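The sequence lines fix the lettering, A, B, ..., with proteins before strands; numbering per chain opens at 1. The figures that follow rest on heavy atoms only: side chains count, while hydrogens, waters and symmetry mates do not.
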Amino acid sequence: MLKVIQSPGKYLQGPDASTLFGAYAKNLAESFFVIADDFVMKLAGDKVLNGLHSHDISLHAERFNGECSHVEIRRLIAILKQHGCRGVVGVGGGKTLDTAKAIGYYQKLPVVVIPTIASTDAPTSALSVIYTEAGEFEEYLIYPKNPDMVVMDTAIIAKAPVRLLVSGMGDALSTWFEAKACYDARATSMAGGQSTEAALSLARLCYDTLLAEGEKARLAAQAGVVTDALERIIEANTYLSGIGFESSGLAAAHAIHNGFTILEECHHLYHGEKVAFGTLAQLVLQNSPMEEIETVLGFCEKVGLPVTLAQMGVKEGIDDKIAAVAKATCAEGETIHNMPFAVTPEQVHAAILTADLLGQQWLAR
Amino acid sequence: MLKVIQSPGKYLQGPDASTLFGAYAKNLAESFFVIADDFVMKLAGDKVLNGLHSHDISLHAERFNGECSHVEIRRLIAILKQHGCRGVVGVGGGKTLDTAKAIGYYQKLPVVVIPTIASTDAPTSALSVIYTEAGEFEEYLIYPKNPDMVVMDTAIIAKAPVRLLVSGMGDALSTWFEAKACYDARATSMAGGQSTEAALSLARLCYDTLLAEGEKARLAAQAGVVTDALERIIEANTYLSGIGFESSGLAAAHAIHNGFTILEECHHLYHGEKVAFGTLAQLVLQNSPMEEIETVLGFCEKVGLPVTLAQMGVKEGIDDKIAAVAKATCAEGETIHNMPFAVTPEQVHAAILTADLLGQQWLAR
Amino acid sequence: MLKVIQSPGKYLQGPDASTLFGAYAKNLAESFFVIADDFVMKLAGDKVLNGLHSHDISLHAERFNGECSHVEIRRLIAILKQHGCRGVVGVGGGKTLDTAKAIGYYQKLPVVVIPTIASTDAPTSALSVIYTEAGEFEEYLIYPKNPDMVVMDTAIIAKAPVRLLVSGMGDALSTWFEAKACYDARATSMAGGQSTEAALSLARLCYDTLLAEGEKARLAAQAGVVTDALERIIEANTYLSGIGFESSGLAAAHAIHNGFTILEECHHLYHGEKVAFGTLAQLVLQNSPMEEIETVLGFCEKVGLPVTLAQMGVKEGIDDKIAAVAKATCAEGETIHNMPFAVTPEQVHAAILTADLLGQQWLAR
Amino acid sequence: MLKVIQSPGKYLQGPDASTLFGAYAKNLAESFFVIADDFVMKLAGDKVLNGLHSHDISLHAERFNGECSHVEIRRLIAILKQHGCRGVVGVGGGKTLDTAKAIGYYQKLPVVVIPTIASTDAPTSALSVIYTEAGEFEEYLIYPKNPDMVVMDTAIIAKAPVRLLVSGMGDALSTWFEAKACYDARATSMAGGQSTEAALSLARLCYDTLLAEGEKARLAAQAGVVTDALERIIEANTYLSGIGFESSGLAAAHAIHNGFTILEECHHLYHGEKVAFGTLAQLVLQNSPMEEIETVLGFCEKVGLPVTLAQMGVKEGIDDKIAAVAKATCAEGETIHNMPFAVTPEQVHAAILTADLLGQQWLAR
Amino acid sequence: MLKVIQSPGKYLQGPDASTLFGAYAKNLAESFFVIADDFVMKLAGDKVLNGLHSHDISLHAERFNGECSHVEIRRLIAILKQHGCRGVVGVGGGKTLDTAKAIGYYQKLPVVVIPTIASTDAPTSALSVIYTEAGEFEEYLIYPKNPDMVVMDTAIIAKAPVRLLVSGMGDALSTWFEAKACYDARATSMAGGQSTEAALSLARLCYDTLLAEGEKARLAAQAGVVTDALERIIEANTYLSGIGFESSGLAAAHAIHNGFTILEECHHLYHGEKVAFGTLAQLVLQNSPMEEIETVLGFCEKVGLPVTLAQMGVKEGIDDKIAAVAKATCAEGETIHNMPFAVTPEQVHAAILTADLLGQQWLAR
Ligand SMILES: [Zn+2]
Ligand SMILES: [Zn+2]
Ligand SMILES: [Zn+2]
Ligand SMILES: [Zn+2]
Ligand SMILES: [Zn+2]
């Protein structure tokens, strides 16, 4: 088999990156179609447009309705065509960025993504999560190409609610364990082959960076301020975790996250918070040693990530609900079959319940 | 002298093992005489019979009265003869399994033992503990042959009361210390010679597995569920501890257990719980270092095993009762004379009292 | 998803074990059919018969023609039937012992094997290598049952040519690496399921024992004498390696050994010598680190095992011959498909040639 | 300079040693003059006499008035002469044993000392502490010869009040630090020269034994019972500490002990308890590292030895009283001048006050 | 079950110790009977007499005939009686010192031993090796009492042939291994009981001192000069090894030494040289790890001690001669039965031959 790794063409990160990226963007296209929701358009949109203008780039800004749907994509494409813009910029959260990727794909245009929050590792991926207009999940669009640019303005990201950065560390904490499980399993990644050592090494660096820098970063983020620990964690959360999942692989943790979406009590939790618990379930599943379980429990408690079912809103009917979560986890096509051993709905149910009891004892010690 | 190790022919372990063992059983005999108490016959008996039938094996199931006595053996043998069954299956607890071994021995038939609980290391041994009909101990029957098969259905074992699995870890915790004491003493085992390195290595693996996996297993067992930590502990409790005691040796811990049976206050405690304290007494007896005493104390407290006389129901008249326990420990034929130094009833009394004080201080720290 | 481990009922080892095993044999049967070639019958046959007689066991000794063939089995069975003997004893090398196993299987009788040489790990297995009368390989007979007894007289084994004990260490050196490769691959063993920790632990102990004791044992064996290092190595070579391969698994090393039997220049080499080189090829195949390659190279050179193609008699036409060896290694049903990654005839050819170059450089340093 | 080490001829230790030492005593003399106070004469005197009689040794037992004075020595000598006894046995505490040494010295007779308590390291020394009849210290008599026998019956010693054994560990804890300070200083010992490595090594073993065995011993002593930890601590307290101080050297700790005898508030404390604090003062004096101070503080707190002035009864007028203790410590002839650096009454005052503050903080943490 | 340690009253060591010991000797007796051979009487006798005279001690010097025989003892006693001397001094080698001990024993007098060579650990022991007038071994006289003084003049010892100091290190190298083997075996020592930790600790210090200081000392001894490495080795060779063997125990090494005295080819070797090889045989016998065998081989080669039979003069008829040496080693009453396992003449033969092969390979590497 071939080893494959993919990457966005360029990844930029630092103070004022949203006003400094024009130099590199100029070489991608002579004009850009910029999208954002109204909140983000007023916060960072006006600065981005002024900066792109200062490098002699023609722009048309347009409002995003808040959902990454096929209808919304086609509506914005129609406006893009009318103006004849040669690139696409997305500014804001996950749904905005994913819509910018789709527009770039269908129009064969270069894509710039400018996350204003560091809460997922989606920004670097050649992936969009497609929703209906009502907000229910529909499908995944996997693209041949990653975004041409990823721009992380850490002055803007620092001022976002601390909870979002913590959810980002929860999403990133899973990367080493799922990557390493795919590596041991010889499981294919989204890149299309086995893992390179490069991708797996960055998966591991992600994890060591969270342990080294996670707490120093969270406190800087709490204050609303930019330190080099936050810079390291933003890179961990975005570039290291992003290359890690796409080119090394997903496994149990993210399958269990998808299993938990069937319970409405978990809908108040962010993507990465559920993944943090799912990682803990994966550790019990692959029988990681106790001091490894304790470092992850210790990390999660310290930063504010859920280590028990109760912290995820599941308080009643546990046996039946976890059985249902376990079945949906092991559904055909799910990433849990990338584990290097046999997984059954019984053994995922087992892992989730034991993980919960490990987290209860830990919080009560 | 010769080095000797003995083993059951085959040891099977996993989910649904009680319905999957027919493939291997078919080669031992064309028909089987299956025994169990009424509780166990309804819980796991009907599945075992259906599974054996599916591999074309003729069966007659018969009720076990609950005591491993000579009278009960002879009653069941008489029924076995009437049906002409070519093998014996025991399903259930210690007394049921030991009766199946005796029947197999006296009739020269192959034996299958199917423990539904993982609370002792007896299942693999060529040993039966014989009782009177009233329930008083009578003698030990040591056989030339181990059971031909040992089948551990971990889905059934997981659902047993957690206390039984913990008592099993208490019985297993003694194996390394008594094995190693017989090895140092050059003391003969039940196998009939000195210890092989194989048997001693498995004795040590038993101990390291308890420390590594014991807590993760207990919580899975608490939830009623099967994890790979429980699988490791069930193997530790059954195969590793079983080969360990029979082919490496018993020593102080089990002699002290036998010493404690003279006190009626200890009759509510299970075999392995008393052995856990007896192991602690052996550590003080052989003067193991403090951090070794602390790892065992720490293990016992954490899982729920007695580290003090009070936790074993001995609250009054301590000096006189421990003196009597000390005398009965050093009785002729007891395994404490396998220690690599001189033991007297005074020095066992000493060890028990000091161990108690070590456990009090530990629980109060 | 069952874990399985199998074992011979009893394994005996020490000085004069061939004259002391009657105590345990008496409980298996009241009479024994003893087989050996003429060389072995005069060396150790007369002592074995006198010892069995001293424990009141009836015997008939019969001559073995030197080949483990279906014809030879049926000839000896016919004589066994005429005398009405209730057990089978084999004394001597691999072909004698394997014929005793077959006789025991087809007649449903207990089996005692008494290896006079410690050159393979076959003695404990439920396996016979069947040959034609001319000496060409025909098939494998895998039995449900292991030998009931394995008796290792280390006074007799010590006096055998040193080369045979060294070939035994070469066969045993492969056990950890193939076991561990099956464990990582989740590959089924001859026992019939996944590996227990017991079997894998003994596989590892085999390897550590060779490194610790291998040189001290070889020199004792050179002198013709019994030390406790030789006792440890005889156990490593027989019990530890035997449980290791049968219940943990075979993989690349033994498949490559089978690949080399197509070259007539290798026919002068013993089983375990070819396995030692095959293990080296497996290390390059699974990309073990250099320090691990160097410990194995260092061990092999020191004891006298081949680390280069030239030491195995392959001097000319290397590219074509190794290509043919590589194809036969990857034949359907071979144990190389138990590796935890994709193996092709190209990558086995690659590994063998690189291993050869590693061994040349090592010998010339 | 010469290196010198001295020792008692024989040191005996174990259960029932006071009734088993007759075999060795028989070779020293054909008759013995035995002394003890009335309490000790009834407790252990009658057994000792019966045991000496059983090895055919003539005896006269005589009462000791309780003080090691010149008057008492001369009174007992006069009675010894009247009976014509050829040896001397002392049974009991320090003052009894020291009087037996003096009698042996002045009469040129062999000496046996039988400590019934393990609270000082005096028993092995060629030293007697001479008092007036009223109980005030008078002088030291240093002898050319050590006791010919030292007999430690650990069954009798175990039953003594726990506080005495703890005071013995306090006296012994000083041995390594004062020995090592004399070794570094090249200071002469009572043996008469520099330290041998033997004596210094035993000084160090004393210290490591207290840390390893001190707590296990104290609890056995609390219960009134004999374990091998108590045996190790009795040897540490008596033989290891005894050879340590006499043949390696005393230094600051014991000088400070002598300094504290000027304060009447300290008269309720035993010799070794004051030495334990004096050792702590020596650590601050020689500027031992913090983790060394913490291991000694930790040891002292755990066993029950004073780490503060208040625990020694000094609660008021601290500055003036410690100044007076500091002057008396640095008096001409004191062992503090064996330190490897300049000591002044100011720097001993300093050390004592800082040590006190280290002990307060430690107890309050 | 008593622990016993014995010692000489005082041990002196340093430059000019033979002229400085009078201070301590004066307190033992008012006059001394001094013995030495003519060589030693002229070398160091005249200085010793002048020094004893300077402390006002009356002396009569008398010539020693060179053999420690009953006849020689009785001849010198008769002269001692005529002069009425109150003590005994021996100056010179082993036979002189042992005769001084016997004279002191039979006359009930104090003993001073002044070894002019550091080649054995006999000087401190309560032991004399008795010979016939012709020089054949007769018996051992074990005394109740050790020498009252042991005086080591390191200026005199330094000038002795280097070979003698090296033989002393060979005798001392065995002490830890035989002591530790008696400790593990719970074997009684010459002191009369089990080992104290003191005696075993000094046994170990002996061994660590040889490895640390042995080479630096040998070169100083080669030059004829006194360094502190030589002082450490003289103490190791005399005090540490002496307390080690007498109060901890002898085992295989010294039994094998006694076994080798039956071969006339070994009569040119000194006591300790044969013990060095015997220690190597003990390592193979107890199966010490390879790295430990290599440190001892490395030490022996470096200093000049035999590691092969050929270096001990055994070149021909090896099998038969080593068999005879093996039988005489295992004779009833020999110290090899203090090993913690079964020893047979076959397994000592085995160990000696394998040790030889280990030493050949080592010298040829
Ligand atoms: Zn994610
Ligand atoms: Zn048990
Ligand atoms: Zn093989
Ligand atoms: Zn003191
Ligand atoms: Zn010696």
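Sorted by first and then second residue, the ring pair (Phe, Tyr, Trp, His ring centres under 6.0 Å) pairs involving residues 268-294 of chain A (not counting sequence neighbours) are A:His254-A:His271, A:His257-A:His271, A:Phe260-A:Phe277.
Of all residues in residues 281-311 of chain A, those placing a non-hydrogen atom less than 4.5 angstrom from a non-hydrogen atom of chain B are A:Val284, A:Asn287, A:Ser288, A:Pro289, A:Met290, A:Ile293. Of all residues spanning residues 221-233 of chain B, those with a heavy atom less than 4.5 Å away from chain A's heavy atoms are B:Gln222, B:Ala223, B:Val225, B:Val226, B:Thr227, B:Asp228, B:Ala229, B:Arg232, arranged by number. Identified by a heavy-atom distance below 4.5 Å to chain B, the contributing residues of residues 357-365 of chain A are A:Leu357, A:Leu358, A:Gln361, in residue-number order.
Within 6.0 Å of atom CZ in A:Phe137, more than 12 heavy atoms from other residues, nucleotides or ligands are found, so the atom counts as buried in its surroundings. Around the NZ atom of A:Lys327, the shell of radius 6.0 Å holds no more than 12 heavy atoms that belong to other residues, nucleotides or ligands. By the neighbour-count criterion of 12 heavy atoms within 6.0 Å, atom NZ of A:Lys321 is densely surrounded, having more than that number from other residues, nucleotides or ligands.
Chain B forms more heavy-atom pairs under 4.5 Å with one residue of A:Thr354, A:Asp319, A:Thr344 than with any other, namely A:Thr354.
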